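Colleague: As input, take data_21.txt (compact mmCIF, C-alpha atoms and all ligand atoms):
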# COMPACT_ATOMS: atom_id res chain seq x y z
CA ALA A 1 -83.47 45.02 14.17
CA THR A 2 -85.70 42.00 14.80
CA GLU A 3 -86.89 41.16 11.28
CA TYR A 4 -84.89 38.73 9.09
CA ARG A 5 -84.39 40.17 5.60
CA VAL A 6 -84.68 38.01 2.48
CA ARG A 7 -82.03 38.13 -0.28
CA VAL A 8 -83.84 38.15 -3.60
CA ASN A 9 -83.12 35.54 -6.30
CA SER A 10 -81.77 36.59 -9.67
CA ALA A 11 -83.94 35.36 -12.53
CA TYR A 12 -82.63 34.46 -15.94
CA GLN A 13 -84.47 35.66 -19.04
CA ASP B 2 -91.62 6.28 -9.10
CA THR B 3 -88.87 6.32 -11.71
CA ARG B 4 -89.88 9.67 -13.25
CA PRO B 5 -86.73 11.79 -13.67
CA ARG B 6 -86.18 14.58 -11.16
CA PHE B 7 -84.75 18.05 -11.70
CA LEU B 8 -83.53 20.17 -8.79
CA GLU B 9 -82.73 23.88 -8.53
CA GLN B 10 -80.99 25.21 -5.42
CA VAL B 11 -79.92 28.67 -4.29
CA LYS B 12 -77.74 29.45 -1.32
CA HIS B 13 -77.30 33.05 -0.21
CA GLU B 14 -74.31 32.85 2.13
CA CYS B 15 -72.99 35.26 4.71
CA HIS B 16 -69.52 34.54 6.09
CA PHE B 17 -68.42 36.42 9.20
CA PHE B 18 -64.88 36.92 10.51
CA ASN B 19 -64.17 38.68 13.83
CA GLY B 20 -67.80 39.52 14.57
CA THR B 21 -68.97 41.73 11.73
CA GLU B 22 -65.58 43.35 11.07
CA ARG B 23 -65.01 41.23 7.96
CA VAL B 24 -67.97 39.93 5.98
CA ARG B 25 -68.15 38.04 2.69
CA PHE B 26 -71.36 37.37 0.75
CA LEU B 27 -71.99 34.69 -1.88
CA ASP B 28 -75.04 34.38 -4.15
CA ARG B 29 -74.82 30.75 -5.29
CA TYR B 30 -76.99 28.96 -7.86
CA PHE B 31 -77.11 25.18 -8.35
CA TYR B 32 -78.59 22.71 -10.79
CA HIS B 33 -78.89 19.36 -9.04
CA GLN B 34 -75.66 19.53 -6.95
CA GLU B 35 -73.61 21.51 -9.50
CA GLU B 36 -72.98 25.19 -8.73
CA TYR B 37 -73.26 26.91 -12.11
CA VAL B 38 -72.90 30.63 -11.35
CA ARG B 39 -72.07 32.75 -8.32
CA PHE B 40 -71.67 36.31 -7.12
CA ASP B 41 -68.77 36.74 -4.71
CA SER B 42 -68.55 40.06 -2.85
CA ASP B 43 -64.74 39.72 -3.17
CA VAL B 44 -65.29 40.28 -6.90
CA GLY B 45 -68.51 42.29 -7.14
CA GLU B 46 -69.81 40.53 -10.26
CA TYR B 47 -71.25 37.14 -11.12
CA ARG B 48 -68.85 34.58 -12.54
CA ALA B 49 -69.83 31.37 -14.29
CA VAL B 50 -68.66 28.38 -12.23
CA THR B 51 -69.37 26.02 -15.09
CA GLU B 52 -70.24 26.54 -18.75
CA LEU B 53 -73.89 26.03 -17.78
CA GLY B 54 -73.83 29.37 -15.95
CA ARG B 55 -72.25 31.58 -18.61
CA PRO B 56 -75.56 33.03 -19.86
CA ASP B 57 -76.64 33.99 -16.34
CA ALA B 58 -73.27 35.58 -15.57
CA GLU B 59 -73.39 37.75 -18.71
CA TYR B 60 -77.06 38.67 -18.31
CA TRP B 61 -76.97 39.54 -14.61
CA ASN B 62 -73.65 41.42 -14.99
CA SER B 63 -75.34 43.61 -17.61
CA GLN B 64 -77.81 44.85 -15.00
CA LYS B 65 -76.01 47.40 -12.84
CA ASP B 66 -78.98 47.88 -10.51
CA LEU B 67 -79.05 44.14 -9.83
CA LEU B 68 -75.29 44.13 -9.19
CA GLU B 69 -75.60 47.02 -6.72
CA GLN B 70 -78.19 45.04 -4.70
CA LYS B 71 -75.67 42.23 -4.50
CA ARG B 72 -72.74 44.55 -3.77
CA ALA B 73 -74.56 46.07 -0.80
CA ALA B 74 -75.72 42.70 0.59
CA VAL B 75 -72.82 42.40 3.10
CA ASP B 76 -74.32 45.48 4.79
CA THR B 77 -78.08 45.35 4.14
CA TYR B 78 -78.47 41.57 4.37
CA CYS B 79 -75.48 39.92 6.05
CA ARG B 80 -74.66 42.39 8.83
CA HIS B 81 -78.38 43.05 9.32
CA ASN B 82 -79.38 39.42 9.73
CA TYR B 83 -76.38 38.70 11.97
CA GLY B 84 -77.66 41.44 14.25
CA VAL B 85 -81.19 40.04 14.26
CA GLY B 86 -80.22 36.61 15.61
CA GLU B 87 -76.98 37.39 17.46
CA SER B 88 -78.53 36.94 20.93
CA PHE B 89 -79.77 33.38 20.36
CA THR B 90 -77.21 32.10 17.86
CA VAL B 91 -73.76 33.68 18.19
CA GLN B 92 -74.24 34.00 21.97
CA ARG B 93 -75.88 30.61 22.50
CA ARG B 94 -74.04 28.61 25.17
CA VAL B 95 -75.36 25.30 26.51
CA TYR B 96 -73.07 23.37 28.83
CA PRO B 97 -72.54 19.62 28.38
CA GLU B 98 -73.90 16.88 30.64
CA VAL B 99 -71.06 14.44 31.27
CA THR B 100 -71.48 10.77 32.17
CA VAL B 101 -68.94 7.96 32.51
CA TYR B 102 -69.88 4.29 32.25
CA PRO B 103 -68.08 0.98 31.53
CA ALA B 104 -68.50 -0.98 28.31
CA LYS B 105 -66.99 -3.88 26.38
CA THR B 106 -65.04 -4.11 23.14
CA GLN B 107 -66.49 -7.64 22.83
CA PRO B 108 -69.72 -8.58 24.67
CA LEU B 109 -68.37 -11.82 26.21
CA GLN B 110 -65.30 -10.11 27.72
CA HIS B 111 -65.05 -8.29 31.05
CA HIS B 112 -65.45 -4.49 30.89
CA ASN B 113 -62.52 -3.02 28.98
CA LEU B 114 -63.98 0.26 27.69
CA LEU B 115 -64.65 3.43 29.61
CA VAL B 116 -67.22 5.63 27.89
CA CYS B 117 -67.21 9.35 28.50
CA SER B 118 -70.59 10.50 27.21
CA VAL B 119 -70.80 14.25 26.63
CA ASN B 120 -74.33 15.37 25.88
CA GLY B 121 -76.43 18.39 25.01
CA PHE B 122 -73.78 21.06 24.44
CA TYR B 123 -73.64 24.08 22.14
CA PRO B 124 -71.63 25.22 20.18
CA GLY B 125 -69.79 22.29 18.64
CA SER B 126 -66.15 22.89 19.56
CA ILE B 127 -65.16 20.71 22.49
CA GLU B 128 -62.09 18.99 23.91
CA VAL B 129 -62.39 15.72 25.81
CA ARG B 130 -59.38 14.06 27.46
CA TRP B 131 -58.94 10.90 29.55
CA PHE B 132 -56.67 10.65 32.60
CA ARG B 133 -55.48 7.68 34.65
CA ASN B 134 -54.19 8.69 38.10
CA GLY B 135 -53.70 12.29 37.03
CA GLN B 136 -51.72 11.34 33.93
CA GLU B 137 -53.26 11.85 30.52
CA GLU B 138 -53.91 8.66 28.61
CA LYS B 139 -53.52 9.28 24.90
CA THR B 140 -53.40 5.66 23.79
CA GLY B 141 -56.50 3.59 23.11
CA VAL B 142 -58.79 6.57 22.61
CA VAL B 143 -61.61 6.37 20.09
CA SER B 144 -64.67 8.59 19.60
CA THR B 145 -67.92 8.95 17.70
CA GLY B 146 -66.60 12.34 16.68
CA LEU B 147 -68.81 15.41 17.03
CA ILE B 148 -72.49 14.57 16.50
CA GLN B 149 -75.25 17.08 15.65
CA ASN B 150 -78.60 16.27 17.23
CA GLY B 151 -80.36 18.56 14.75
CA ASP B 152 -81.94 20.57 17.57
CA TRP B 153 -79.15 23.06 18.36
CA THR B 154 -77.28 20.60 20.57
CA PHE B 155 -74.35 18.27 20.06
CA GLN B 156 -73.05 15.10 21.64
CA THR B 157 -69.92 12.98 21.45
CA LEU B 158 -68.79 9.73 23.06
CA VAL B 159 -65.10 9.45 23.83
CA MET B 160 -64.00 5.98 24.82
CA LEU B 161 -60.83 4.76 26.50
CA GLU B 162 -59.77 1.15 25.87
CA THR B 163 -58.32 -0.01 29.15
CA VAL B 164 -58.35 -2.83 31.67
CA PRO B 165 -59.52 -1.35 34.99
CA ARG B 166 -57.55 -2.45 38.04
CA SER B 167 -58.58 -1.95 41.68
CA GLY B 168 -57.46 1.34 43.16
CA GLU B 169 -57.19 3.11 39.80
CA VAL B 170 -59.06 6.37 39.33
CA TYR B 171 -60.02 7.39 35.79
CA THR B 172 -61.04 10.95 34.91
CA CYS B 173 -62.84 12.27 31.88
CA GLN B 174 -62.11 15.97 31.38
CA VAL B 175 -64.20 18.30 29.20
CA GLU B 176 -63.38 21.78 27.91
CA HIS B 177 -65.99 23.90 26.14
CA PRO B 178 -66.78 27.61 25.50
CA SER B 179 -69.72 27.39 27.96
CA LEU B 180 -67.37 26.43 30.80
CA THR B 181 -64.97 28.68 32.69
CA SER B 182 -62.85 25.75 33.86
CA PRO B 183 -62.60 22.10 32.81
CA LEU B 184 -65.48 19.83 33.78
CA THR B 185 -64.24 16.53 35.26
CA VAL B 186 -66.00 13.27 36.09
CA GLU B 187 -64.22 10.50 38.00
CA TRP B 188 -64.76 6.79 37.64
CA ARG B 189 -63.39 4.13 40.00
CA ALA B 190 -63.06 0.38 39.37
CA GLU C 3 -65.02 32.00 9.41
CA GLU C 4 -66.38 32.51 12.90
CA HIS C 5 -69.92 32.06 11.63
CA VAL C 6 -71.86 31.38 8.45
CA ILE C 7 -75.51 32.17 7.82
CA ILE C 8 -77.08 30.64 4.76
CA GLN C 9 -80.49 31.25 3.27
CA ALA C 10 -80.94 27.97 1.41
CA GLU C 11 -83.75 27.20 -1.01
CA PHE C 12 -84.67 24.49 -3.47
CA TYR C 13 -87.37 23.64 -5.96
CA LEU C 14 -87.91 20.14 -7.28
CA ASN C 15 -89.74 18.94 -10.41
CA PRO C 16 -91.97 17.10 -11.09
CA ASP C 17 -92.90 16.93 -7.39
CA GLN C 18 -93.34 20.71 -7.37
CA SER C 19 -91.86 20.81 -3.90
CA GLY C 20 -90.02 23.85 -2.65
CA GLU C 21 -88.28 24.73 0.61
CA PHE C 22 -86.88 27.94 2.12
CA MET C 23 -84.75 28.02 5.28
CA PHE C 24 -82.05 29.86 7.20
CA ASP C 25 -79.08 27.93 8.57
CA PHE C 26 -76.60 29.17 11.19
CA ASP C 27 -73.39 27.12 11.43
CA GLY C 28 -75.25 24.03 10.24
CA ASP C 29 -78.35 24.36 12.44
CA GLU C 30 -81.72 25.54 11.21
CA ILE C 31 -82.95 28.92 12.44
CA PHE C 32 -86.33 28.67 10.71
CA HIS C 33 -88.09 27.55 7.56
CA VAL C 34 -91.25 28.61 5.75
CA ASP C 35 -94.13 26.17 5.63
CA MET C 36 -95.13 26.78 2.01
CA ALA C 37 -98.67 25.40 2.27
CA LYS C 38 -99.56 27.33 5.41
CA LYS C 39 -97.39 30.30 4.38
CA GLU C 40 -96.06 30.46 7.93
CA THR C 41 -92.61 30.87 9.42
CA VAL C 42 -91.68 27.88 11.58
CA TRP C 43 -88.98 28.52 14.20
CA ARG C 44 -86.70 25.55 14.92
CA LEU C 45 -86.75 26.42 18.61
CA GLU C 46 -89.79 28.17 20.13
CA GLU C 47 -87.69 30.87 21.81
CA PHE C 48 -86.26 32.05 18.46
CA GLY C 49 -89.70 33.37 17.48
CA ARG C 50 -89.88 35.60 20.55
CA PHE C 51 -86.71 37.50 19.55
CA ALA C 52 -87.05 37.71 15.78
CA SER C 53 -89.56 37.59 12.98
CA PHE C 54 -89.73 36.80 9.29
CA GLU C 55 -92.41 37.68 6.76
CA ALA C 56 -93.20 34.31 5.20
CA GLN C 57 -94.49 36.03 2.06
CA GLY C 58 -90.92 36.81 1.04
CA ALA C 59 -90.14 33.09 0.71
CA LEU C 60 -92.98 32.60 -1.77
CA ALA C 61 -91.53 35.16 -4.19
CA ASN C 62 -88.14 33.44 -4.00
CA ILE C 63 -89.62 30.00 -4.60
CA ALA C 64 -91.41 31.39 -7.66
CA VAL C 65 -88.07 32.48 -9.14
CA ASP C 66 -86.52 29.13 -8.19
CA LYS C 67 -89.28 27.39 -10.16
CA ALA C 68 -88.71 29.70 -13.14
CA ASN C 69 -84.94 29.18 -13.05
CA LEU C 70 -85.41 25.41 -12.85
CA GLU C 71 -87.42 25.45 -16.11
CA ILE C 72 -84.62 27.39 -17.76
CA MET C 73 -81.78 25.20 -16.44
CA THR C 74 -83.70 21.99 -17.20
CA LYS C 75 -83.88 23.01 -20.89
CA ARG C 76 -80.35 24.39 -20.95
CA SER C 77 -79.01 21.05 -19.69
CA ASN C 78 -80.93 19.16 -22.41
CA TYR C 79 -83.25 17.68 -19.75
CA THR C 80 -80.42 16.00 -17.85
CA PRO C 81 -82.04 14.62 -14.67
CA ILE C 82 -80.54 14.33 -11.19
CA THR C 83 -78.62 11.20 -10.25
CA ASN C 84 -80.00 9.60 -7.08
CA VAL C 85 -77.60 9.59 -4.15
CA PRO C 86 -78.91 7.24 -1.43
CA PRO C 87 -78.61 8.25 2.25
CA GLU C 88 -76.41 7.02 5.07
CA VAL C 89 -78.62 6.38 8.07
CA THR C 90 -77.68 6.43 11.75
CA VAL C 91 -79.84 5.74 14.80
CA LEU C 92 -78.73 7.09 18.18
CA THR C 93 -80.25 8.29 21.44
CA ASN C 94 -79.82 11.86 22.61
CA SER C 95 -78.86 10.80 26.15
CA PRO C 96 -77.24 7.76 27.77
CA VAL C 97 -79.95 5.15 28.13
CA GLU C 98 -81.44 4.25 31.50
CA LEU C 99 -84.28 1.73 31.90
CA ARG C 100 -87.66 3.43 32.40
CA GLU C 101 -86.14 6.91 31.99
CA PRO C 102 -87.63 8.96 29.11
CA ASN C 103 -85.25 9.32 26.18
CA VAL C 104 -85.39 10.16 22.47
CA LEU C 105 -84.35 8.07 19.49
CA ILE C 106 -82.75 10.09 16.70
CA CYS C 107 -82.73 8.91 13.11
CA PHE C 108 -80.08 10.80 11.16
CA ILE C 109 -80.48 10.67 7.42
CA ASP C 110 -77.46 12.10 5.62
CA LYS C 111 -75.72 12.73 2.29
CA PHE C 112 -78.60 12.17 -0.10
CA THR C 113 -80.42 13.72 -3.05
CA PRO C 114 -83.02 14.41 -4.34
CA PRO C 115 -84.62 15.83 -1.13
CA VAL C 116 -87.45 13.25 -0.94
CA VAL C 117 -87.68 10.35 1.55
CA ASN C 118 -90.24 8.18 3.32
CA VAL C 119 -89.28 7.61 6.96
CA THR C 120 -91.02 5.25 9.37
CA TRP C 121 -90.32 4.43 12.98
CA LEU C 122 -90.96 0.80 13.89
CA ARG C 123 -91.43 -0.52 17.43
CA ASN C 124 -91.17 -4.32 17.45
CA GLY C 125 -91.69 -4.27 13.70
CA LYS C 126 -94.84 -2.13 13.89
CA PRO C 127 -95.09 1.48 12.64
CA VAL C 128 -95.36 4.05 15.43
CA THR C 129 -96.20 7.75 15.19
CA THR C 130 -96.97 8.85 18.73
CA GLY C 131 -94.97 11.94 19.57
CA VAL C 132 -92.69 11.65 16.55
CA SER C 133 -91.26 14.75 14.92
CA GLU C 134 -88.90 15.66 12.09
CA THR C 135 -86.91 18.47 10.51
CA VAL C 136 -87.20 19.69 6.94
CA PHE C 137 -84.40 18.95 4.46
CA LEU C 138 -81.16 20.56 5.62
CA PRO C 139 -78.40 21.72 3.23
CA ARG C 140 -74.91 20.19 3.13
CA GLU C 141 -71.77 21.95 1.92
CA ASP C 142 -71.54 19.36 -0.86
CA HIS C 143 -75.09 20.36 -1.86
CA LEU C 144 -76.66 17.08 -0.90
CA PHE C 145 -79.14 17.00 1.99
CA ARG C 146 -79.58 15.77 5.53
CA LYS C 147 -82.61 15.27 7.76
CA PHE C 148 -83.52 14.24 11.33
CA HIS C 149 -86.43 12.21 12.67
CA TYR C 150 -87.29 11.91 16.36
CA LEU C 151 -89.06 9.37 18.53
CA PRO C 152 -89.46 9.93 22.27
CA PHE C 153 -89.51 6.60 24.07
CA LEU C 154 -89.23 4.81 27.39
CA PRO C 155 -86.30 2.35 27.30
CA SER C 156 -87.10 -1.26 28.15
CA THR C 157 -85.50 -4.65 27.63
CA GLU C 158 -88.72 -5.58 25.84
CA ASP C 159 -88.86 -3.18 22.91
CA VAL C 160 -86.65 -2.95 19.86
CA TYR C 161 -86.80 -0.11 17.34
CA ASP C 162 -85.91 0.51 13.71
CA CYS C 163 -85.78 3.65 11.61
CA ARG C 164 -86.89 2.67 8.13
CA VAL C 165 -85.80 4.91 5.30
CA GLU C 166 -87.03 4.78 1.70
CA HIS C 167 -85.26 6.73 -1.05
CA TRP C 168 -85.17 6.38 -4.86
CA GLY C 169 -81.41 5.74 -4.66
CA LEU C 170 -82.04 2.63 -2.53
CA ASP C 171 -83.03 -0.75 -3.99
CA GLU C 172 -84.83 -1.75 -0.79
CA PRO C 173 -85.83 0.19 2.33
CA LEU C 174 -82.93 0.81 4.68
CA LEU C 175 -83.53 -0.23 8.29
CA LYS C 176 -81.28 0.93 11.13
CA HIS C 177 -81.81 -0.93 14.39
CA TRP C 178 -81.75 0.06 18.03
CA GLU C 179 -82.19 -2.02 21.18
CA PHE C 180 -81.24 -1.73 24.85
CA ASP C 181 -77.50 -2.26 25.37
CA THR C 182 -76.76 -4.79 28.15
CA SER C 183 -73.82 -3.31 30.10
CA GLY C 184 -71.53 -3.63 27.07
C1 LIG D 1 -92.99 7.37 -0.63
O1 LIG D 1 -94.17 6.63 -0.66
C2 LIG D 1 -95.13 7.14 -1.60
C3 LIG D 1 -96.38 6.31 -1.43
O2 LIG D 1 -96.55 5.89 -0.09
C4 LIG D 1 -94.58 7.11 -3.03
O3 LIG D 1 -95.40 7.99 -3.78
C5 LIG D 1 -96.35 7.55 -4.79
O4 LIG D 1 -97.68 7.64 -4.28
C6 LIG D 1 -98.68 7.67 -5.31
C7 LIG D 1 -100.00 7.86 -4.61
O5 LIG D 1 -99.81 8.35 -3.29
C8 LIG D 1 -98.61 6.39 -6.14
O6 LIG D 1 -99.52 6.50 -7.24
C9 LIG D 1 -97.20 6.15 -6.67
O7 LIG D 1 -97.13 4.89 -7.32
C10 LIG D 1 -96.19 6.23 -5.54
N1 LIG D 1 -94.83 6.07 -6.06
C11 LIG D 1 -94.17 4.91 -6.04
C12 LIG D 1 -94.89 3.75 -5.42
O8 LIG D 1 -93.04 4.81 -6.49
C13 LIG D 1 -93.17 7.69 -3.11
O9 LIG D 1 -92.57 7.33 -4.35
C14 LIG D 1 -92.27 7.23 -1.97
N2 LIG D 1 -91.04 8.01 -1.97
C15 LIG D 1 -89.82 7.47 -1.92
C16 LIG D 1 -89.75 5.98 -1.80
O10 LIG D 1 -88.80 8.17 -1.94
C1 LIG D 2 -61.51 42.33 15.63
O1 LIG D 2 -62.32 43.52 15.74
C2 LIG D 2 -61.77 44.53 16.61
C3 LIG D 2 -62.78 45.64 16.69
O2 LIG D 2 -64.03 45.25 16.12
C4 LIG D 2 -60.42 44.99 16.06
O3 LIG D 2 -59.86 45.97 16.93
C5 LIG D 2 -59.48 43.80 15.92
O4 LIG D 2 -58.26 44.22 15.32
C6 LIG D 2 -60.13 42.70 15.07
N1 LIG D 2 -59.26 41.54 15.01
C7 LIG D 2 -58.48 41.25 13.97
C8 LIG D 2 -58.53 42.21 12.81
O5 LIG D 2 -57.76 40.25 13.95
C1 LIG D 3 -77.17 20.42 -24.99
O1 LIG D 3 -77.21 20.14 -26.40
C2 LIG D 3 -76.57 21.13 -27.22
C3 LIG D 3 -76.79 20.71 -28.65
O2 LIG D 3 -75.98 19.60 -28.99
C4 LIG D 3 -75.09 21.23 -26.85
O3 LIG D 3 -74.48 22.26 -27.61
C5 LIG D 3 -74.94 21.52 -25.36
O4 LIG D 3 -73.56 21.47 -25.01
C6 LIG D 3 -75.71 20.50 -24.53
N1 LIG D 3 -75.63 20.83 -23.11
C7 LIG D 3 -75.34 19.94 -22.16
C8 LIG D 3 -75.29 20.47 -20.76
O5 LIG D 3 -75.13 18.76 -22.42
Would you kindly transcribe this structure into structure tokens?
Ligand SMILES: *[C@@H]1O[C@H](CO)[C@@H](O[C@@H]2O[C@H](CO)[C@@H](O)[C@H](O)[C@H]2NC(C)=O)[C@H](O)[C@H]1NC(C)=O
Ligand SMILES: *[C@@H]1O[C@H](CO)[C@@H](O)[C@H](O)[C@H]1NC(C)=O
Ligand SMILES: *[C@@H]1O[C@H](CO)[C@@H](O)[C@H](O)[C@H]1NC(C)=O

Modeller:
Amino acid sequence: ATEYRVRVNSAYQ
Amino acid sequence: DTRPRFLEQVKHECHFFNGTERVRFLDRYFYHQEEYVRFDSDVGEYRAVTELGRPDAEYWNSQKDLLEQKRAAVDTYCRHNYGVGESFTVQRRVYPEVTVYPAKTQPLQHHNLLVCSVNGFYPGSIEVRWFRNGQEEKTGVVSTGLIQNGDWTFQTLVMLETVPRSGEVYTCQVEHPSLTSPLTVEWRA
Amino acid sequence: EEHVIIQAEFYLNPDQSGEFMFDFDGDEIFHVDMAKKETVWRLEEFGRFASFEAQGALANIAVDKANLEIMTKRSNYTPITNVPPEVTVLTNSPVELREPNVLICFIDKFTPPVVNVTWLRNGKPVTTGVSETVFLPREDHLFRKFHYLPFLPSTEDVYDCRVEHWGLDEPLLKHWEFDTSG
């Protein structure tokens, strides 16, 4: 693995 | 500019213990500097940290698919990203440059401070000790503390208040993960 | 912990400024330049061993903006309280006359993440070779920042780091000059 993974943001609605 | 400001922050945190044997993940949401809701992998659900975060806790906890993304994060996100940078973060070792020079507690006095300047090291944990004639001097020691340079190096100054006499040999000793034995620098009056 | 990795983001109104970065034990791995949509590695060598698709940060910042709207209303439009910075000026190495060194201006414990920073040499602004970090997260959820000025030490020149922040009544100046054997 060489690619940093993003942690998604939870959105309120 | 006196217009009011409003700040949202998010911090997705990965905490590692014993390599990647134990890993804890936090999904943290902030309004200004106030954390209002968080997912803790120890729990596996969001919990309101303040009353402000109750709606988000309830709403996000109602979405099982969303929760499963967060529940798997220690593996898919935390352990993964640790692996990605391990070689240049976890294994980064930069040894300190060590200098000793005299100084003054008050500028009009004769030299009565020995400065041990420890520069450019990584990671942060370091031990610096002063010796006079092979005996550790534990009195009169003051330091800047550990200082981040913001560029993946640290420094610290560790000063010994003392009146140098002829013949005396002072030694600054430095221990650090990058070293396999203590680094010593002598100073003579 | 042995180590902590944090993906830290913020979005600020009405400035409409957003930031996205990764932090490892309090140092920055990289951040995304929002305008250029490019990943900026804190140290050059980091980029040879890893990568990050900058596009991912944009999606996160979008959600941050949307959440801010929601929390702003939910709080009854309660604005942030300014917390002015502590400012320290140091060199990165022991100073020797005519030996290249770097002045560091450390700006710490402040919010919101907006400052104007100027280096002054003998009271005049200087920008040659200066550099800076983005806003870095603190565990108390305030911010810190570094500014850098390479210089050649002399008995002639004096320097100041001048910091402006909404929490300050007047600009904060932290001084540096050559120490004379003391
Ligand atoms: C930093 O300085 C800038 C200006 O140099 C301030 O931003 C505003 O700039 C616009 C045009 O560029 C003016 O119309 C505003 O009046 C400025 N705001 C002022 C003067 O308050 C900005 O506020 C400064 N940031 C600080 C001090 O944190
Ligand atoms: C650290 O990890 C090793 C193997 O990964 C394990 O054998 C050891 O018990 C761990 N240390 C602890 C749990 O203190
Ligand atoms: C906002 O106003 C409503 C209406 O009075 C109140 O119920 C709520 O507690 C307020 N929220 C905050 C964060 O002050």

Colleague: Counting all atoms listed in the file, what is within 6 Å of stretch 176-180 of chain C, bar same-chain residues fewer than 4 positions away, as an MDAnalysis selection string?

Modeller: chainID C and resid 157 160:163

Colleague: What residues in chain C have any atom no more than 8 Å from chain B when counting all atoms listed in the file, and can you write them as JSON, numbers by chain?

Modeller: {"C": [3, 4, 5, 6, 7, 8, 9, 10, 11, 12, 13, 14, 15, 16, 26, 29, 30, 44, 45, 48, 51, 52, 66, 67, 69, 70, 73, 74, 76, 77, 80, 81, 82, 94, 95, 96, 106, 114, 135, 142, 143, 144, 148, 168, 183, 184]}

Colleague: Name each residue within 12 Å of ligand LIG 1 (chain D), counting all atoms listed in the file, as a VMD selection string.

Modeller: (chain B and resid 2 to 6) or (chain C and resid 16 to 17 84 to 87 112 to 120 164 to 174)

Colleague: Take the selection from the previous step and output its residues with C-alpha atoms, as an mmCIF file, keeping the file's coordinate frame.

Modeller:
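Listing of part-v4.cif after writing:
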data_model
loop_
_atom_site.group_PDB
_atom_site.id
_atom_site.type_symbol
_atom_site.label_atom_id
_atom_site.label_comp_id
_atom_site.auth_asym_id
_atom_site.auth_seq_id
_atom_site.Cartn_x
_atom_site.Cartn_y
_atom_site.Cartn_z
ATOM 1 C CA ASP B 2 -91.620 6.280 -9.100
ATOM 2 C CA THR B 3 -88.870 6.320 -11.710
ATOM 3 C CA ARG B 4 -89.880 9.670 -13.250
ATOM 4 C CA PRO B 5 -86.730 11.790 -13.670
ATOM 5 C CA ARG B 6 -86.180 14.580 -11.160
ATOM 6 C CA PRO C 16 -91.970 17.100 -11.090
ATOM 7 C CA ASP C 17 -92.900 16.930 -7.390
ATOM 8 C CA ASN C 84 -80.000 9.600 -7.080
ATOM 9 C CA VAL C 85 -77.600 9.590 -4.150
ATOM 10 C CA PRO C 86 -78.910 7.240 -1.430
ATOM 11 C CA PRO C 87 -78.610 8.250 2.250
ATOM 12 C CA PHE C 112 -78.600 12.170 -0.100
ATOM 13 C CA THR C 113 -80.420 13.720 -3.050
ATOM 14 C CA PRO C 114 -83.020 14.410 -4.340
ATOM 15 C CA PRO C 115 -84.620 15.830 -1.130
ATOM 16 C CA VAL C 116 -87.450 13.250 -0.940
ATOM 17 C CA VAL C 117 -87.680 10.350 1.550
ATOM 18 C CA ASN C 118 -90.240 8.180 3.320
ATOM 19 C CA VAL C 119 -89.280 7.610 6.960
ATOM 20 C CA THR C 120 -91.020 5.250 9.370
ATOM 21 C CA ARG C 164 -86.890 2.670 8.130
ATOM 22 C CA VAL C 165 -85.800 4.910 5.300
ATOM 23 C CA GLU C 166 -87.030 4.780 1.700
ATOM 24 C CA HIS C 167 -85.260 6.730 -1.050
ATOM 25 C CA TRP C 168 -85.170 6.380 -4.860
ATOM 26 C CA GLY C 169 -81.410 5.740 -4.660
ATOM 27 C CA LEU C 170 -82.040 2.630 -2.530
ATOM 28 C CA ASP C 171 -83.030 -0.750 -3.990
ATOM 29 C CA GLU C 172 -84.830 -1.750 -0.790
ATOM 30 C CA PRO C 173 -85.830 0.190 2.330
ATOM 31 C CA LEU C 174 -82.930 0.810 4.680
#

Colleague: If we count all atoms listed in the file, what is near residue B:81 at a cut-off of 8 Å, once residues fewer than 6 positions away on the same chain are taken out, given as a VMD selection string?

Modeller: chain A and resid 1 4 to 5

Colleague: Can you build me a table of chain C residues sitting at most 6 Å from chain A, with the closest atom pair per residue and its distance in Å to one decimal, using all atoms listed in the file, sorted by chain and residue number, as JSON lines?

Modeller:
{"residue": "C:52", "atom": "CA", "partner": "A:2", "partner_atom": "CA", "distance": 4.6}
{"residue": "C:53", "atom": "CA", "partner": "A:3", "partner_atom": "CA", "distance": 4.8}
{"residue": "C:54", "atom": "CA", "partner": "A:4", "partner_atom": "CA", "distance": 5.2}
{"residue": "C:62", "atom": "CA", "partner": "A:9", "partner_atom": "CA", "distance": 5.9}

Colleague: Record the distance separating atom CA of residue B:139 and atom CA of residue B:163, expressed in Å with one decimal.

Modeller: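 Taking atom CA of residue B:139 and atom CA of residue B:163, their separation equals 11.3 Å.
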
Colleague: Given the choices B:22, B:74, B:127, B:186, which gets closest to ligand LIG 2 (chain D) if the distance is worked out from all atoms listed in the file?

Modeller: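 Closest candidate: B:22.
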
Colleague: Calculate how many Å separate atom CA of residue C:78 from atom CA of residue B:62, rounding to one decimal.

Modeller: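 Calculated distance between atom CA of residue C:78 and atom CA of residue B:62 is 24.6 Å.
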